[PDB]
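Reading through the structure tokens given below for one structure.
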Amino acid sequence: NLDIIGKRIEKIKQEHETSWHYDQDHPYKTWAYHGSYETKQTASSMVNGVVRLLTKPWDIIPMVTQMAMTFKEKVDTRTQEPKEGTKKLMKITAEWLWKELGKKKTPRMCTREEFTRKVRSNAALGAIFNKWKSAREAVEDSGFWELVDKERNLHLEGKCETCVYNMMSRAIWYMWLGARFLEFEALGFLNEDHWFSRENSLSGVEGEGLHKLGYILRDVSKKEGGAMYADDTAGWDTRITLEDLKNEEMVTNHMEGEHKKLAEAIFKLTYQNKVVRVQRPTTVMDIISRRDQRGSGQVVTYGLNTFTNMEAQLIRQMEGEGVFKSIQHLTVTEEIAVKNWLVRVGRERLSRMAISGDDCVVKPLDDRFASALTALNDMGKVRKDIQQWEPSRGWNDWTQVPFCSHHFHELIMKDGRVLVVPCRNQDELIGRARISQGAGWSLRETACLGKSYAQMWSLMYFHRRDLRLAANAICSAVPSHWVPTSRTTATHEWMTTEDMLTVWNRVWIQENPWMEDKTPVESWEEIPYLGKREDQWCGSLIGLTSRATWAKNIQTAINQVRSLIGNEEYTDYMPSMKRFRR
Ligand SMILES: [Zn+2]
Ligand SMILES: [Zn+2]
């Protein structure tokens with residue numbers, strides 16, 4: 001409590017000494033409330049015209065058009081301390097899982113240099129603008145790093161001054177770039193050295209890519225066992241207990257020297273004790289604090305979510321297999337039984353899951369898992385849109401399992417070779433491509449964002465007839481040599497000016513471990529589509545009059561965009577498709 005946070009508070013209080021007030025109509029119950037001061041400010045989504053002009057049939061689909069217009073009463077909730085038996089299961093599993101993850105990995109500090117290259121090539125690090133404009137500026141200024149060093153030495157001293165969260169089913173807690181650096185220094189290794197790669201963690205998929213997830217779900221399916229379960233948790237970040245944060249901090253037991261001390265500091269001082277500033281239109285800045293829930297960098301968050309989720313799902317598999325009887329109290333024999341489970345079969349049970357942060361697919365030993373709910377509910381990982389004690393409905397077919405907002409089709413090429421391709425509702429794909437994040441975009445930048453989406457569609461979604469044609473139209477309407485961009489950069493192999501058929505061959509054939517025959521594909525017509533009815537089920541406008549007119553007259557849509565952009569060097573990609581090939 002207040003000895004660890006007070007300094008952070010007293011510093012904010014003093015810089016707004018002409019405003020401080022302990023407001024009495026403060027809405028916080030679950031958050032500790034310390035005071036307020038005067039502010040007045042707010043970034044809305046804009047339409048990408050290049051994409052919208054080349055997807056005219058979708059101008060009248062409400063699912064598309066609505067995406068472009070525009071619970072914080074769930075962040076003010078409170079999870080209960082689990083039973084002692086749950087806490088024992090979680091401590092033992094956490095200990096065993098960090099050992100497994102750390103067997104072929106060395107924890108290590110990340111560097112000012114690594115961090116500098118990160119900012120200088122636009123990764124979303126969720127920092128704030130103040131004393132410098134962008135993050136790009138502060139990184140080259142030696143004064144910044146002096147501020148970092150002050151705080152850094154403070155952290156080694158066991159205190160904190162400037163590591164304060166700014167609030168904004170999503171809620172994004174920004175810190176000043178300096179505190180983001182110190183978080184990255186201590187915990188960046190988890191991401192940077194692929195601790196949750198599938199090879200290293202068995203359950204994880206970090207850096208796998210949308211073209212591998214399908215093959216991974218299919219490999220899980222090949223194991224003997226029950227249905228595939230894919231239960232979403234209701235507001236996962238808000239359900240992270242103090243006990244979860246303490247089990248995550250056990251990664252520091254694998255560390256040493258400066259590192260161990262810095263990592264420990266981040267966990268003690270930013271994670272297990274938070275200070276947050278929130279806007280309130282009643283517009284004042286409220287300085288509230290709490291011990292529990294998730295609030296890290298989007299990227300460390302990803303890794304710790306994956307870690308804790310892996311942990312919960314192993315424990316739920318234990319409950320399914322009757323490794324323990326009650327969560328109220330774990331007997332001494334029930335400890336050794338859990339320990340012996342983890343030693344004997346824990347790696348086999350990890351290979352039964354695909355886990356991406358708060359998202360999971362589990363194929364347990366059998367369907368007893370479906371109603372194994374006591375540990376899962378008592379850890380506070382309460383399932384979304386299902387009664388708390390109602391059993392999980394599993395999937396019989398790996399091609400229906402939802403994972404990372406996708407489903408996966410099995411698709412056989414005219415030469416017999418098998419593609420496992422990602423898919424989702426086409427209204428979702430087209431509606432996202434039509435949105436741009438930020439203001440002050442030139443025509444050229446807007447066109448280059450359009451091209452990023454088109455090249456993604458050609459790489460991941462080539463099997464959808466509307467997306468292949470729209471992607472060819474966008475890549476025909478944007479100058480051939482202009483480089484794809486994106487303002488918050490999975491594997492992203494569409495971010496290139498290389499020939500897209502050459503990237504397709506590298507990703508789907510050459511580098512694809514599930515493809516035994518490495519015969520390159522020579523043109524786009526070798527590359528198959530979903531069945532026509534499958535395509536319509538997944539949202540295709542194939543068969544509609546609007547779409548046939550769009551398809552027939554596409555060269556006129558391409559020319560409209562060409563005319564707006566101007567006299568540049570353009571390539572016609574529409575002859576890559578049979579119907580436009582004369
Ligand atoms: Zn700090
Ligand atoms: Zn589909």
Side-chain angles (χ1 to χ4, degrees), residues 3-12 63 127-128 144-166 173-187 210-211 213-215 217-218 230 258 261-277 287 289 295-297 300 395 397-412 419-432 456-457 460-468 528-542:
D3 81 307
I4 287 169
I5 51 161
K7 184 150 157 70
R8 254 171 298 180
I9 286 163
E10 289 154 43
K11 172 149 205 291
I12 299 160
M63 295 299 310
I128 65 151
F144 181 68
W145 299 106
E146 295 164 68
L147 293 168
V148 181
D149 291 328
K150 184 173 160 187
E151 254 296 275
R152 182 158 156 182
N153 283 315
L154 264 169
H155 283 178
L156 298 161
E157 239 166 290
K159 315 137 204 264
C160 184
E161 189 179 295
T162 73
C163 305
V164 170
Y165 286 114
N166 307 29
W173 299 4
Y174 297 87
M175 284 169 141
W176 87 287
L177 187 67
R180 246 69 202 103
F181 172 68
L182 280 185
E183 178 185 59
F184 171 77
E185 176 175 67
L187 304 177
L210 204 44
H211 58 283
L213 295 187
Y215 284 108
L217 290 200
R218 185 180 74 181
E258 232 182 67
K261 296 293 139 182
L262 291 166
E264 286 188 355
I266 296 297
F267 277 114
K268 263 193 195 57
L269 302 172
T270 53
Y271 291 2
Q272 300 178 356
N273 287 279
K274 310 195 183 58
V275 173
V276 198
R277 50 182 57 187
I287 302 316
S289 75
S296 321
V300 159
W395 304 84
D397 177 8
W398 71 264
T399 70
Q400 314 249 285
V401 177
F403 192 49
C404 304
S405 310
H406 286 79
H407 58 273
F408 301 87
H409 297 254
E410 216 182 43
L411 172 44
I412 300 171
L419 297 172
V420 177
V421 297
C423 200
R424 60 193 284 183
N425 178 282
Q426 196 186 258
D427 296 336
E428 288 165 20
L429 293 183
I430 297 193
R432 303 169 84 70
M456 174 177 75
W457 291 349
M460 304 291 86
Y461 304 127
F462 46 87
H463 51 89
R464 314 301 308 284
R465 294 172 175 75
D466 298 337
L467 292 199
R468 201 192 289 204
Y529 304 74
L530 294 178
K532 177 171 138 137
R533 189 174 309 287
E534 284 177 294
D535 214 339
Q536 286 169 320
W537 291 340
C538 289
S540 184
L541 302 195
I542 197 55

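In each ligand, atom 1 is the first atom listed, and ligand 1 is the first ligand listed. If you read the sequence from its start, that first residue is 1, and numbering goes on from there. Heavy atoms only: backbone and side chains are in, while hydrogens, waters and symmetry mates are out.
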Q: Would you indicate whether the side-chain heavy atoms of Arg464 and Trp457 approach each other to under 4.5 Å?
A: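 Of all side-chain heavy-atom pairs linking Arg464 with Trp457, none is under 4.5 Å.
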**Q.** From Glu151, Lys159, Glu157, residue fulfilling side chain to side chain donor-acceptor pair (under 3.5 Å) relative to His155
**A.**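 One option only clears the test, and that one is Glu151.
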Q | Metal site angle (apex the Zn ion (ligand 2)), NE2 from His409 and SG from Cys538, 10 degrees | A |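 Centred on the Zn ion (ligand 2), the NE2/SG angle is 120° (to 10°).
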Q: To the nearest 10 degrees, calculate the angle at the Zn ion (ligand 2) involving SG of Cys423 and NE2 of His407.
A: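 SG of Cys423 and NE2 of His407 make an angle of 110° at the Zn ion (ligand 2), to the nearest 10°.
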Q | Short N-O contact, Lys261 and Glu258, less than 4.0 angstrom | A |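 Judged by the 4.0 Å cut-off on N to carboxylate O distance, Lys261 and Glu258 do not form a salt bridge.
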Q) Vertex the Zn ion (ligand 1): angle to SG of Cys160 and SG of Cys163, to 10°? A)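 If I round to 10°, I get 110°.
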Q: Have a look at the Zn ion (ligand 1) and estimate, to 10 degrees, the angle subtended by OE1 (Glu151) and NE2 (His155).
A: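 Rounded to 10°, it measures 100°.
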**Q.** Cation-pi check, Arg218 onto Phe408 ring (under 6.0 Å, within 45° of axis)
**A.**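 Checked: cation-pi criterion not met.
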